[PDB]
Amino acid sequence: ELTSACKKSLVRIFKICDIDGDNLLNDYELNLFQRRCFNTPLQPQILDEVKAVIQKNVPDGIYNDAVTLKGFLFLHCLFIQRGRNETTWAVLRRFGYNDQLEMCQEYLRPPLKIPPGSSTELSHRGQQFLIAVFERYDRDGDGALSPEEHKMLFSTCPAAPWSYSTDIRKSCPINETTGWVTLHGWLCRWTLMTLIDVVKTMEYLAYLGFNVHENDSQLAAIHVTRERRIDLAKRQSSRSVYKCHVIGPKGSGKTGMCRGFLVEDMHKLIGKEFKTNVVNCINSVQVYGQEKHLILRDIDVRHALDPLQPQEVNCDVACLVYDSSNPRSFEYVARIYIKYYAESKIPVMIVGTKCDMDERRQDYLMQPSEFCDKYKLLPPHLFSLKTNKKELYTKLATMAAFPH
């Protein structure tokens, strides 16, 4: 008696309303979402009348004095055959469904005007919701999400916003022993998406049930920040998420640098080729007492005469990487800086990798130390994976967070 499309909707709503992740709708959430859909408290007499009917007609419908999914589906299947579809339709409407039982576009994509220069970040409520969601689908409570848990989480979505195996497990911090996405990495992946694709973030937040939980549009999950002068306003809006473009020639070792941002032990990335092309890596660092998220975009390696796109040049901080063991490697960095960054307002940091081996001379006309000295740049940062030092990442974020 229940439509296959209607059942799909009622299932998602059950998962959203299951705030304990125990496959049950206890008294609390039943009353809470009652005001979400009907703006009235659920009077105790009705709830008893509801449970009694479910218990009477449906086995395994009431477990531990709580409504199960099998009983929840029956109740609305009973509502439609008793001439009260408006009760069911009031619930479907609140969780973002229209007359065609499809997610409303105005419910998924609310209008958000982003001024030039402004960035998109997660708000306090947006973070809290994502934290709440995380700990619900962390059934075993190991403080991390398994690929089985990560699938259930986005079962209320058409698909996952990212691959578990080829994205979040390689672009975000994970648990060292289990190899699963921690709470920290969870917030990192959402922070990355929110900055580069806010519309997708809000679209997925609606699917996860942010609108119903927060009793507001997903605009409350997005916090728009921008770099402003010495404004004496009481409402601070300083940035906390910066993006760094990592540009270098082939074999520069800049890829291994990006991945090292995510692991405490970099002694396992020394002699390793990367089979997966991770575009954006992200982690947080402490900058003067404040938490700052840094995104290390691995710009696609090309020839030295090949042009760089404006959207590849324009960033918060440019990290030009060359190989110290390759005499013909620094010439790319010198070529790139002069053409694209020499006359820009973007802070640039030159990094020499693989300094563990003997730093051979560069077959260029100027040496890296002299080149930086000529264009008033900081001395070339010697980076190595055998050292496990992470001052570079903290430095990069600081250059993006501060003048010039």
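In this text, residue numbers run from 1 along the sequence as written.
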Between 264-272 and 71-79 (mean CA B-factor, as deposited), the higher: 264-272
Mean C-alpha temperature factor, higher of 245-253 and 196-204: 245-253
Highest-ranked of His223, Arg239, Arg297, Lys113 once sorted by CA temperature factor in the record: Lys113
Residue selected from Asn85, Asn215, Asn280, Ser284 by maximal Cα B factor: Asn85
Modelled-residue ranking by C-alpha temperature factor, third containing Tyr28: lowest
Modelled-residue ranking by C-alpha temperature factor, third containing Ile131: lowest
Entry-reported Cα temperature factor of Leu378, expressed as the chain third it lands in: highest
For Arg302, the third of its chain into which the C-alpha B factor falls: middle
Chain-wide C-alpha B factor ranking for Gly179, given as lowest, middle or highest third: highest
